[PDB]
Each structure stands twice: as C-alpha cells, then as structure tokens.
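So you can see what is in the structure, the chains are spelled out below.
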Amino acid sequence: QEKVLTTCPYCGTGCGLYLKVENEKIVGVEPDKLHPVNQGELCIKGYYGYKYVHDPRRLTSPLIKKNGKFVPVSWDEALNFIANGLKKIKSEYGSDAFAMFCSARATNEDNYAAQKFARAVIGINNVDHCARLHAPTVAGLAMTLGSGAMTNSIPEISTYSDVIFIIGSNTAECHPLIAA
Amino acid sequence: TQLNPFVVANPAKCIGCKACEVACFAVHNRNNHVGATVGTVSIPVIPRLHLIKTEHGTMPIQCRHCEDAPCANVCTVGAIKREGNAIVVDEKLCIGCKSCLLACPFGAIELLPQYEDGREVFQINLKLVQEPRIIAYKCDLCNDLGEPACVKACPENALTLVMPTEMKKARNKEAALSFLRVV
Amino acid sequence: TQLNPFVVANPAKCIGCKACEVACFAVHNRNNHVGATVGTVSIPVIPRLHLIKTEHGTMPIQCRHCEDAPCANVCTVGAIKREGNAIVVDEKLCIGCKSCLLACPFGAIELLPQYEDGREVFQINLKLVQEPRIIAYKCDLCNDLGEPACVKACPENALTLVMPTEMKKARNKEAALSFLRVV
Amino acid sequence: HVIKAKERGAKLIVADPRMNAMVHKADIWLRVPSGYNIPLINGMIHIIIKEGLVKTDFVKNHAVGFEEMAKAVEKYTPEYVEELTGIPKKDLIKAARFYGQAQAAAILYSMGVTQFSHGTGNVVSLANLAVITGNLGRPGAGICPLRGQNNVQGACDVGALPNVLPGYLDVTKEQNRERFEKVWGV
Amino acid sequence: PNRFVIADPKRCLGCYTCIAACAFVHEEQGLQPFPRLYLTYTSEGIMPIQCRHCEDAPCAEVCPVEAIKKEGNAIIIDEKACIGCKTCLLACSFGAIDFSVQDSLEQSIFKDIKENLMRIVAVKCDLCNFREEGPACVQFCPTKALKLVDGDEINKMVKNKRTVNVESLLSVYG
Amino acid sequence: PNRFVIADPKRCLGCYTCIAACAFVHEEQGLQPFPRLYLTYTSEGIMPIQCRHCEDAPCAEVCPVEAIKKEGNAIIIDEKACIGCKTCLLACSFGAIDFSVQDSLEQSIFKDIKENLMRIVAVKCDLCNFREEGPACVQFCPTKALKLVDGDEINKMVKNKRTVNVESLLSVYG
Amino acid sequence: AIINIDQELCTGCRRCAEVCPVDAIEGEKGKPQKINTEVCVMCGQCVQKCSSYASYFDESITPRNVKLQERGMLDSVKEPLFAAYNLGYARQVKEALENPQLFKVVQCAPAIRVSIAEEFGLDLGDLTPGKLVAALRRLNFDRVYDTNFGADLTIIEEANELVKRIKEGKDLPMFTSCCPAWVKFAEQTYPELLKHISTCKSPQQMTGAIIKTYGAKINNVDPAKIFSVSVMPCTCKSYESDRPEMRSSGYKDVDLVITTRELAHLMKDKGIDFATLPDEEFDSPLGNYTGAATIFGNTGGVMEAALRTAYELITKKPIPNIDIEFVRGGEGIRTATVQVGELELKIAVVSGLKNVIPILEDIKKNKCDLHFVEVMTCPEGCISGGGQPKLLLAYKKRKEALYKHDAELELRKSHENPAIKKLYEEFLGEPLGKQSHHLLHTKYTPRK
Ligand code: 402
Ligand code: SF4
Ligand code: SF4
Ligand code: SF4
Ligand code: SF4
Ligand code: SF4
Ligand code: SF4
Ligand code: SF4
Ligand code: SF4
Ligand code: SF4
Ligand code: SF4
Ligand code: SF4
Ligand code: SF4
Ligand code: SF4
Ligand code: SF4
Ligand code: SF4
Ligand code: SF4
Ligand code: SF4
Ligand code: SF4
Ligand code: SF4
Ligand code: SF4
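Conventions and cut-offs
Residues numbered from 1 in each chain as written, not as in the entry; some residues may be left out. Chains lettered and ligands numbered in written order. Part of a larger assembly, values for the part shown. Heavy atoms only, no water. Core = buried A, V, L, I, M, F, W, Y, C linked by side-chain atoms within 4.5 Å. Buried < 20%, exposed > 50% of the residue type's maximum accessible area, 1.4 Å probe, protein only. Contact = heavy atoms within 4.5 Å. Buried area = accessible area lost by both parts, 1.4 Å probe. Salt bridge = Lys/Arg side-chain N within 4 Å of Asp/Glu carboxyl O. Polar contact = N/O pair within 3.5 Å; in protein donor to acceptor, adjacent residues only side chain to side chain. Helix = DSSP H or I, 4+ residues; strand = E, 2+ residues; numbered from the N terminus. Near = heavy atom within 4 Å. 1 Å grid on protein atoms, 1.4 Å probe; cavity = no way out; pocket = protein on both sides within 12 Å on 5 of 7 lines; lining within 4 Å. Sits in = over half its atoms within 2 Å of the grid points. Nonpolar A, V, L, I, M, F, W, Y, C, P; charged D, E, K, R; others polar.

A.B. asks: What's the story with the nonpolar core in this structure? I'm lost.
C.D. replies: For soluble globular proteins, nonpolar side chains are generally found buried alongside one another. Of all hydrophobic cores here, the largest spans 69 residues; its most connected members are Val93, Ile112, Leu136, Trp182, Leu263, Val356 and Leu360 of chain G. Core analysis: the next-biggest nonpolar cluster, separate from the first, contains 34 residues, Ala176 of chain B, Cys20 of chain C together with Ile68 and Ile75 of chain F among them.

So this is what it looks like as structure tokens:
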C-alpha cells in the first residue's frame, strides 16, 4: 500500500530497498530499479530481513535491576538513577569511569550524539566500536597514500572490463552483491 | 484354519441410501413371518450394520470379525463362539450383561430385545409387568444362510467381501512389479 | 526428529536362496529355545521379510518404515507405535483387527499365531476346542537386538540398509559432477 | 499424585522384591531380590556413566570429586549384576534411557529399605545417584524419603534423640549447651 | 438399560477406602453393615469386582421365594424375604453375592477397623437408591477410578468410538 | 514437452537467495515451508540442483498410492495423498526429492533465518504453477543464474546451434 | 399435500429423484429434499424407492405415536415408517364404518385382487377374488362392486369416440384418458394439446356416477347418505376424485380412495384372517364384467379391449381379434399397424411419462400422425403404481395372473355383457346420446 525508500542495514554495501508496509506493519520488501549499486536485486538479508522487527519478544518497556530481578519501571525514575549514578562516580573518581561502546549498526547521528554526550557532558576520550577487529588497514593506507578509506567506486568495476585481483577470497559469501 | 472373511465399505461410492440394512433385517428374520414385503413386518426393524454420516461423507459400520476378539474374551458366560469362518453370538446363553459393550472398539454390537415368532419374548421372574429378555445383536456374516445380503443389495456395489489372504499376495506382486520396472 | 532407515533389496544380485529369512527367524525367537541348530527348533517358522518371484526375477520385500504410516493411524487399539527410530508393532495389545491388511500397500504385515516359550499360546474363551492367538508380524529393523540379521546373512550381499539422507547427497553430487564437466 | 502425573507423558520405574498395586501400573518392573539393591544401583551409576549422560557442570561447580564413585561403580558391569540378580539386561538400558534424557526425576522409597540393617549404604548410594544426575535443587526432582508417622519430622527439629537439641543442634557441643542456660531454666 | 458402575484398573491403588465407605454408609441407614464391593488380587492388575447389573438377571430365575426384583433401574435383593438358600450364589457368573457372616471378611484394614469399633441373608450392591446423592463408592475414591454408567453414556461412548473409527478410515485410506 | 529450470554454474555465487525465496513463497502460500532446490558443493564448481521434469518421471511408476501425476506441463506431487513410503527417493537419478523433516536442513544462513523466525511428506519442485508470476527462484536471483526453458526455447536453441554449425562448415571448408 | 418428505428421516440419497418424470424433487447431493407440490403428478414411484426407515429405539426424534397422526395411518399398524410417505385416509374410512346410518358401497380395482394376497404371507401374485370379496363383506361394507363395469363402459364410449373421430378427422392423434397423472402433466406443461385427449372419464368415475344416480334407483336408498370408497392401487386417484369439475348428480361420485396398503392395515386392525375365509361372488346388478376389462392393470390392455369392439364398429362383421402379442411388453414405446375397414392405423403404446415427450412434439406428431396412443405414467402399468406394496429393495407374476384371468373367462369381447345392454336399454339410451355428455364426459379445462 505504502512504499518507503530505505538503505538495507545488514552489510556494508548499501542498497535501495522499498519497505512495502500495510496496516502499519511491514508486509514486504522490494528492490529499486534506478539504484546505481544493486540495480534492482538483493541478497537473502534484503529480501527476508524484515521479519526481525515485529517478533513477539521485542523489548517494549524499560526495566531495572533492584534486588537481582528486572522490574517494569517508567522512564523518568530510571533516568534519575542513571543521572545520580554518573554524578556520584564522577564526584568519586572523575570522568574516566566509563568507556563508550557505540554500535556499528546505528546511523552516523547516533555515533555523533554518543561522542558529544560523552565528551561535552562529562568529558573523556573513551569511545570505541566493536568493528575494529580492519584496524591496521586504515593505519597502513593513511601512512602510505594519505587516504584512510575506499579509493574507487563500486559500480565502475562492471561498466567495462578490467583485471580483478582478489586477496583472501570470501567476497562470494560476505558481500553477495559486490561479487555479483 | 483360515482367516475370517468380512465385508468392507467403499466410502467414495456410498450415498447413505440405507438399502443395505433393510435387506439384512429382512434376510435374518424369516422366522418372524416376513414375506419380502412391508406390511408383513410385525416386529421392530433391527439391522446388523449401522450407517453413519460425518462431514467427510457416509458409510456403514459392521463387525470386523477380529481374530483375537475382545467381545468373546470378556464374556464370562462364553456366549460368543466361532462357529465357522465367522464369529457368531449365541442368543440362547446370553445373560444380557453389558461388559460385552465395553470391549469392542468398533462398536458394531448393540443390546436390543429379542423377537421370536413375531412377538416380544418375556422372562419368567422380574418386575407389575414382565421385563422382556434382551440379547446382543451383531453381524454373523450370514453363515447359516447363503451369500451375504448387504452385498448384492447395494445399488452402487460399495460393499465387498474381502479375504485378507489373497490381498497380501496381490499387493506383494504389485509392489515387486512396480519396483522392477524402474530400478 | 530425523528420517528413519529401511532395508532395501537389489534385484540384480538376488537369487532366491531364502537364506535371509532363516537368520531373521533364528535371531528373533531366542526365547523359544533356539540354539542356531536345526533340531532345537520346536516351533513353526515365521520370517519377517517375504521373498516374491515373478517373470523379471525375484526379490524380498518388507516394511519400508513410513513416517506418516497408514498402519499406525488406522490401528484403533494403539498396537503400532513409533517407539524407536523404526516403526514397531506391539504384541501385548494386538487384537487382530485386520484393518492393517487394508492399509499397507506393500503388504509387509502378516497375521500368524504367536509362539512363546516353545508352545502355542491359547486364548481364554473361544471355540469344542481352544483357538490360538493371532498377532501381526512385520519387520522391526532389529531395534531391540544389534545390527540387522538379514544383512550379514545374504551370501550375494544384495540387501542394503539405506539412510535416505546420505543417498540423496550422493546422488546430488553425482549429478553435479556429471553436468559440470560438460558445460 | 504419582498416578495422576501419568498425563500420557510420565515414566514410572519401580523396583520391588514383592508385588503390590504400583508394579502393575509401571511399564518397567525392575524386580530385585532383597538385599541386592546395592549392585543394582552400582550398575545403574555405571551405565549412566558409560553412556556419557553426566551433567558435568554441577559436579564440577559443587561436588568435590567425580572419580571417587567411578572407582567403585566400574567394578560392577551390567552382565555382573545380570547374573548377580537374575534379571533381564535390556531393562537396565531402557531404565537408563528413560532416566537420563529426562529433566526432572523424583526418587521415593517406603518402609522396606528403612527397616534394613544395611540401609545406610542404600541411602548413600541413592544420594550419590541424585548428585551425579544433577536433579537436585530443582522443582520436580530430588531425593524424596517417606516417614512412617505423622510427627517424625517434628521429632527431629526438636530434641527427641540423646544427641540432639532443638534447632538441629548437637548436645555434644558445649557452645549449644551454654546457648540456653537461663532462658531454659535449670 | 440398567445403571451400573465400573472401575478401570489403571488407577486403583488398593487403598481399601471404597469398600469401607460402602460398608459404613449402608450400616448407618439400618441395612446389613457388611460391604458389597469386593477386591481381587490377580497376577496382572488389581481391580475391584461388583454386581454389574445383569439386564437379564440370572439371579431372579433361581430364587425360590421370589426375593429379587427390578426397581428403578437396578436389581434389589429384598433382605426382608431372603432365607439363605444359597442358590443365587451358584448362578451369579461374576460372584458378586456374598452372605452376612463374620468369617466372610478377609484379614485386612477393614476387619481391624470393624473389630476396634465394636440374621444371615444375601447382600448385593443395590446401587444406593436409598440416598439422594450418588453411590458412595464413586465419590470416595482417592483416584476416582470408579464411574457410573447409564444408557445415555453407553450410547454416547458407542457413537464416539464409531465416529472416531470412521474418521480415521476416511482420513487414511478408503 | 515439459517446462523446467536450469542453472549454469558460471554465475552462481552460492548466496542462498533462491533457496530461501523458494522456501518462503511455499510457506506463505500454505504448503510445506521447506526449499525444493538443493545447493551442492563439488570439487569443481557449485550448482543448484532441482527437478528436471522427466517426461517419463521414474516417479509415478513407483508411487503405490498414485500421488505423483502430470498436470499442465509439470510433475506435481499432490502432497495430500502422499504417505511417506520412501520409494521415489530411490528412483530419482539426480536426487531432486527430499522429505519434510527439520534435520534435512544443512547448516547455513537459511537455517539461522528459519530458527530466528519461529506432518512429514515428500516435497518436490512444482514449478510455482500457483503464482501468476514466473518461478520465484529464477526471479529473485542476484546474478540471474537460473533460467526457465519452455517447449519452444529448446527448439529455438537446437535450430540456432544447427544453423551456426552448418553455416560455419559452409563458410570455412566444405 | 399428498406426497411429502420427512426432514427428520430423509438422508439425501437422491435415488427417488432418478425415477419421477417431472423432476419435482429439489435439493442437494446431501441434506433433506422437498417435493415441488405445485408441479408433481403424484405418480408415487418416489415412495417405493425410499429406504430410510429410522427405528424407535432412540428418543432423538418424534416418539413414533404422533407420527401415526401426521401420516394419517391407523394407530395399530406397527410396520416400519419410511421417509417419503403417502397421505393416509384409513381413519376417515374407519369413522364412516362406525356410523350405521350410511348405505356403504365399496369398489374393487383390477389390480387389488392380485396385490392384496402378498400382505398375509402368501405367494406373490395369487389371484384371489373370492377371498377379497368375502373379507370386504366382512369389513361391514354393505355392498361390493367392481370398477370393471365402468371399464366396459369407457371401452364402449372410447370406441364410439374413435369411430366418430376417424370420420372427418379433427385432431385425430387422440390419447387415452385413463391415467390422471398423464392428464395432470399434459395440463401442466403442454396446454395446447389438451383437446386431443378424449373426453371419456376414468372407470372409477363412471362407476361412482352410476352408483349415485342409477344404483339409487334400482334400490330404495336416497342419493344423499351413500358413502362410496374406491380401492385403487394408486397414489394418483385421490387428486382425481376431488376436482371441482369431478362431481355429478349434485354430490361427489367417489368420496376418498384408499390404496392396497391401507386396505391391508384395515384388514389387520379388524383382526380378521385372510386364508381361512371362503370364496364369494360380487353383486350381480353392478358387478358383472368381461375379461376385456380385466387386463387394464397390465400395460396396453386398453388397446385389446378397445379394438375388440372397434373392429365390429368399423367393419360391422364379426371376425376374431381376441389376442395380439405384438403390443405386449414392459418398457419404452411400442408400435404396431392395424388394417381395419380398408383403413390403416399406426398404433403406439407408451409405458412411462418421459417417453411421451418425443412423440408429443408438434413436429413429430405431424410426421407420424399417431392414430391412437395409450399412455401410463407408472412403468409397466398400474400393476406397478404407488398403491402396490413395498418389495424390500416380481412384476411379471401379477401381469401373468391378470392374463390368466382374462383367458379363463368365457366372455372376451367387451360387448356381450348383459348388464351393459340392460343399462343402455333402460337408463342411457345410446352412447353420445345427450345423456352421457352429462354423466360420462368431462371437459379438461384447468388451462394450467
Ligand atoms: N381408474 C382406473 Fe384404471 C382401471 O380400471 C386403475 O385402477 Fe389403473 C389400475 N389398476 C390405476 O391406477 S388407471 C389407467 N388405465 C389402466 S387401469
Ligand atoms: S547486499 Fe544484501 S545485505 Fe547488503 S545491503 Fe544489499 S540487500 Fe542488504
Ligand atoms: S452381552 Fe452377551 S455375549 Fe456380550 S459379554 Fe454379555 S453375556 Fe456375553
Ligand atoms: S464385535 Fe467388535 S470386538 Fe467383537 S469381533 Fe466384532 S468388531 Fe471385533
Ligand atoms: S454380511 Fe450378512 S449379517 Fe453381516 S451386515 Fe451383511 S447382510 Fe448383515
Ligand atoms: S446400500 Fe450401499 S450405497 Fe446404500 S447405504 Fe448401504 S452401502 Fe451405502
Ligand atoms: S491387527 Fe493389531 S496392529 Fe493391526 S490394527 Fe489391529 S490391533 Fe493394530
Ligand atoms: S507396514 Fe506398510 S504402511 Fe506400515 S510402515 Fe510398514 S510399509 Fe508403511
Ligand atoms: S532387518 Fe532384522 S527384523 Fe527386519 S527383516 Fe532383516 S533380520 Fe528381520
Ligand atoms: S539371502 Fe540374499 S540372495 Fe538369498 S534370497 Fe535373501 S536377499 Fe536374495
Ligand atoms: S477406593 Fe479406588 S483406589 Fe481405593 S481400593 Fe477402591 S477402587 Fe482402588
Ligand atoms: S439366598 Fe436369598 S436371594 Fe439368594 S436365592 Fe435364596 S432367598 Fe433368594
Ligand atoms: S448378582 Fe451376579 S448374576 Fe445377579 S445381576 Fe448381579 S452380576 Fe448379574
Ligand atoms: S453403589 Fe453403593 S452398595 Fe454398590 S458398591 Fe457403591 S457404595 Fe457399595
Ligand atoms: S540465487 Fe543464484 S547465485 Fe544465489 S545461490 Fe541461488 S543460484 Fe546461486
Ligand atoms: S513418498 Fe509420497 S510421492 Fe514418494 S512414492 Fe511414497 S507416496 Fe509416492
Ligand atoms: S524427481 Fe527426479 S526422477 Fe522424478 S521427475 Fe524429478 S528429476 Fe526426474
Ligand atoms: S520453481 Fe518455485 S518451487 Fe521450483 S525451485 Fe524454483 S522457487 Fe522453488
Ligand atoms: S410423486 Fe412422482 S413425480 Fe412427484 S416427486 Fe414423487 S416420484 Fe417424482
Ligand atoms: S429416497 Fe428417501 S431418503 Fe433418499 S433422497 Fe428420496 S426421500 Fe430422501
Ligand atoms: S399408472 Fe395408474 S397409479 Fe400410476 S399414475 Fe397412472 S393412473 Fe395413477
């Protein structure tokens, strides 16, 4: 009934994806014929990754641990507990009391907000993500070429015939559309 | 010693016309003055096979003539005997108990009053009226009479008298022939 | 829950020597005083697989151990149950209701008298002589005992115990290698 | 309660030298001569050890050893107890299969083993079997003794033995003796 | 048909309370105190045995003083007219009639209870028609093994079994 | 004659998309949720294998209940009448029939999807005749490896190869 | 209503739908049906094909005592009750018999004397006129008459009608008027051909008309207290006997008819045995008939009965035409050719009602001209009507008995009966003589 353009979040390639919604719930997913990356076809996770958002076990309320068991508790007093805990640990031992683990499966605004609210609120350089375990690659490429990321663009590798040199071949089952 | 034959129904060719039970009643009760004509029947109609209809169609149910028959084993009087190729109940030694009903899983036997010489039969000492004698009724495969009358009366020939020995041989031959033609 | 195995014959390497049934009869009846010697056998012989011979050779046939088994479903008493990986009949509760012989299309079930402790087993109240108890015999894939005895007794090594999962993978790999060498 | 638990999903394993109403309703009847239950339980532990159905987390986290009982149960084999007790050997395997793959198992015993001279070894072996299967401290599983009188348990929490004080305290300890001297009276 | 009561042997613990409940309830109304439900130990199973009310009633055909008669939907022994001619005992196939004699009681808990608490005519389960409540033997069983059956329940069970068999045969193969 | 589907192994990444689509379309239709197109790994190449619709079947000649039959231009299993007699699994040369059992699934991404989401009978490729669109496997493939061959495409390919051969032989050397 | 279907006993076997020619049975492959009573021709063959018989050992249905009031049967029959039931009129007959102020007369059809013998454990098709008449006089019926008198009357009338219509032919393919279900069907579906059918009344109606106005003159009974009941083997004459145009001399000719089974129920209720009773003869003034009127029960006998006097009406020379065997059968349509009076006649006889539709078309009638056609809705004639008893599922025994009765009598032509001659010389004068048009002729004008 209604179609919303979105980028598939399951891997790093990025693809156009119409989330066919009906009665406020997702009923299907469709490919974009005019996208320059996927060209109108997706892998398994694009076609059948929408059955993850409305499981009957989705977390629907805040809970806190009082005596070793979680209890359904509203938002404001939980925020009170968080605020007073951070205040007391900062008063006791300073701003080095936490290390921030920002997700690699969240939008860039999430990471920016997490960094600012860990640096412009309490103030520490303790931010990390679990995607470091490609860490030497960005260090090496910066020291060699001065570039810390990708150099070329994906759809150009199929516009005309080239020579493709693969190191540690697992692209056939890690990015099922780049190998396409 | 040979396996007891029995009749079986074909549900795909049954319309529930109830013309098979009437023939059975008319063929067993010749001692009660029935002359192949309604009007001479002066007794309640009592068949031996019972029609039943469910949402997946209809068919009759009759005695399967079980080899290790529970209805015979339960009866302490021993009224049920295997007289020929069919297992038959005796209407002279039945004490009318109902433990015979609790055994048969197919439910092809029913306790009903006995009728002889066109009249009800009456006991000697009960109560001020006399309580009629009541016997078990079940299919006896018409062993005293000729061929079964449920078959040869069904218009669609849904009922067939099956012998459980030749069928196994035929199925074995068919399975062998089907397996040889391919592998 | 996984697929159940079933023994299958091989018509190319079978002769009709009937030396696979005797091993089955001797291995199942250890409680009837058998000592792997003709002469200690004081009971009639009952095998589980049946040899059938036609124009296109001969082979034995037995139970294929169906998953949605018709024989298990039609059994009202509940004798046939999927106790182990294979499907097995129970000798305590069988009453001889011959619906099994109308269910299995192969015909791997046969009704024969029971023999326990070297003697025929009689019933309580039937006919004036007694009558023997009739039980359904079919392959139980030697679940109580060890590996199957029809195999390891075939001289030509025709019978094979096939698991329907590994065979599918082998056939798939054969087809893939056959097709991929040509393109 | 035991027979009401047979909601087409229960499993009864009964061992009895005599014949009662319970053995006739059980699928497995491990009849054993009196005084020969020690080899039966030793073979039970040996079989459940051999099949590798031991919950190693509980014995590793709470118990002090595992090899101590294995040193004593490997001497007794299923065949050893087969000609020791004269009972079928496949029944032991079936009982082990029913006892092992299940989650909760409750063990009961009546006055027959309690009125025996060598009942200490019996109850020690039963405790060892309950420990090795990991069926302790869980709802629906554990050692379940039976008492022959109404108020035996209330005759153990309070002093009714010449070596006990109310509160499961021993009179041989002088600390418990001086614990109640004036509030008790004389 | 007549009403009677049966006990499936799957849930009979041999707890001896149905027999005592039958005895004392009959005692308190003024009838013969001796029980009318019996316990039998067999090689395979323990099941109580009782008077399945024979719808043809071989009992009344041998009674010479005409002391057995059908009342309501049950068979009544009419203890005021019985004389002790042990002829109904020879004709009862199930052996559900015993006589009011102290020696007829076997050594069990019930005999001990009756001895600590403290005419010969035939006694028989009369289905407790003198009590507005149902039988005392069915509502005192700790496992509820006993159950009463009438004509309607018999017809319902027969129809249920027949329908289940037909549905199974249709579902599998014609 | 019959219509079927073929996958040249040149452009098959083993991405498990066609298998999952074939499973889930049949699940949402109301049939068995198991895939009917098996991915096989060999020493040289990976190719999906399905039911090349045999014009003599070797399948309907071994079925004792007569469940397998030719409908339209395909071979249809008719799951309702199938009983589980593993006979067609013996007579399939390519091994295109598997049975609806949880253990029949190999460990892969599809198993993880089907376990994070949540009768035994023989399932076979029915060519998706119930869907107005074409086959799901040929339509969801990222590289369009699979292709559906008709009765007329075979004739067109045969004529094209024959004409190319004749013209080449004429042009080069008689 | 007359033909009904009980909804508590019908099982939807659709067998009775495969025998009635009109197809008035509406329903499904399952579930109880219902009779379209506005188009049914009341043939009755949907009754004898029914086999649902629900017994009285269950209380889920009506208690089997009120059922005997709905069906109109007697309360002392204790026979099995079926689903497709006829309507019963035995109780009203019994109440009329209780009143001793009614000069009671009864009529006998030429298929009851053979049918009734099977209702007391005798051989199927045993010709019993004497036992029947003795039992009828023992049933407190004051007079017993035979409807074959009216059969001879309608034979003479139809022969004169055919001789009149063969000269200066107007709608010459004329049909017989002896089966009222045929008349009902013709008026139901083909109203434009109703003048083809002759204006001669059925034998029972002529017999009743003669009883009411001529039987009251030979006796000393006023034509106001006479109670006339006709025993017909037919679930078909009740509709014939209650038309608004079906009365003469002020009153109804036939009050209400009863089938063979109702007569058997009355016989058993009175507690009179059948085998012990001796033989007797019917009343002379209106019970003397010939063998030509005896063969109407079988199919096609009307043809011989009509021809045996039509030959003498045309050729005026007595030449033997007693027996013909080329028109006797049991199914379908039968054809023959007769050469009489230098005239050729193509004759057809039809057993059934569907088998008239091919020869009733305005195009097919012109291509054959069908000089004389005889029709019976019930197969094999009235010996297989609705009044004949059930057979627990035969016909040839009854027709052979009727033919033997025809061959036994010394009078064969339907012209030598002295009673007919006396009636014509005393009361009616000549046929088509401005008196039969009021008593023996009807106009088929429902125009349905
Ligand atoms: N009326 C009249 Fe007839 C006469 O006479 C019956 O009685 Fe017939 C019969 N039997 C019927 O019904 S109707 C058709 N003509 C042949 S016979
Ligand atoms: S390649 Fe597949 S998983 Fe990755 S973004 Fe595209 S559709 Fe999603
Ligand atoms: S009903 Fe008759 S045959 Fe059956 S058990 Fe009772 S006495 Fe025996
Ligand atoms: S009455 Fe029932 S149990 Fe007895 S033989 Fe017949 S079908 Fe079997
Ligand atoms: S075989 Fe005979 S007794 Fe049995 S149902 Fe048929 S007709 Fe009746
Ligand atoms: S006679 Fe035949 S069709 Fe009619 S109910 Fe009986 S079995 Fe069914
Ligand atoms: S013969 Fe035995 S196994 Fe077969 S259905 Fe009857 S009871 Fe069950
Ligand atoms: S007996 Fe026949 S139907 Fe039953 S499991 Fe074996 S092969 Fe299948
Ligand atoms: S597998 Fe075992 S039981 Fe089955 S036929 Fe072979 S030897 Fe007999
Ligand atoms: S032993 Fe082998 S070769 Fe001999 S009959 Fe058996 S299967 Fe055939
Ligand atoms: S009350 Fe119930 S459980 Fe106790 S002895 Fe009686 S029948 Fe058995
Ligand atoms: S003992 Fe009593 S009940 Fe029995 S026969 Fe004698 S008088 Fe009758
Ligand atoms: S006492 Fe025995 S024979 Fe008499 S009715 Fe009771 S059970 Fe039947
Ligand atoms: S019904 Fe009454 S008399 Fe009979 S056993 Fe039960 S309690 Fe005793
Ligand atoms: S969708 Fe195409 S590339 Fe992916 S696994 Fe299937 S055949 Fe291979
Ligand atoms: S498994 Fe199904 S399709 Fe295969 S042979 Fe058996 S019934 Fe036929
Ligand atoms: S299942 Fe195999 S043998 Fe049967 S039609 Fe398909 S490809 Fe051919
Ligand atoms: S055609 Fe349909 S059923 Fe067959 S493999 Fe492709 S998606 Fe699956
Ligand atoms: S009376 Fe005749 S036409 Fe009318 S429904 Fe019955 S069979 Fe059909
Ligand atoms: S024949 Fe009787 S049961 Fe059958 S459809 Fe007609 S009225 Fe109903
Ligand atoms: S044949 Fe006789 S009973 Fe039948 S419809 Fe015609 S006149 Fe009526």
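A.B. asks: I would appreciate a short explanation of the interface of chain C and chain F in the present structure.
C.D. replies: Interface size is often expressed as the accessible area that is lost when the parts come together. Each side of the interface is counted separately: chain C has 28 residues, and chain F has 33 residues. Here chain C packs against chain F, burying approximately 2600 Å² in sum over the two surfaces, 68% of which is carbon and sulfur. Where chain C touches chain F, the interface holds two salt bridges. The salt bridge partner of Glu67 of chain C is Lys86 of chain F, with a shortest N-O separation of 3.0 Å. On inspection of chain C and its partner chain F, the count reaches 10 residue pairs in polar contact. Of all the secondary-structure elements, those providing two or more residues to the side of chain C that touches chain F are β1 (6-8) and α4 (166-180) of chain C. Broken down by element, the side of chain C that touches chain F gets its largest block of residues, 10 residues, from α4 of chain C.

A.B. asks: I keep staring at the arrangement of the chains and nothing clicks. Help me out?
C.D. replies: Nothing in chain A touches chain C, and the closest approach of their C-alpha atoms is 19 Å. Between chain A and chain D there is no contact, and the shortest C-alpha to C-alpha distance separating them is 19 Å.

A.B. asks: Would you explain the site of ligand 1 in this entry?
C.D. replies: Residue and element names in this part refer to chain G. Taken together, the residues surrounding ligand 1 are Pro110, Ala111, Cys178, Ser202, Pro203, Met232, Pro233, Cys234, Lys237, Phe296, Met376 and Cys382. Contact between ligand 1 and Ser202: a nitrogen atom at 2.9 Å from a side-chain N or O atom of the residue. Here a nitrogen atom of ligand 1 sits 2.9 Å away from a polar atom, N or O, in the side chain of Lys237. In this structure, ligand 1 is accommodated by the largest cavity. Its residues placed into classes, the shell around ligand 1 shows 10 nonpolar, one polar and one charged.

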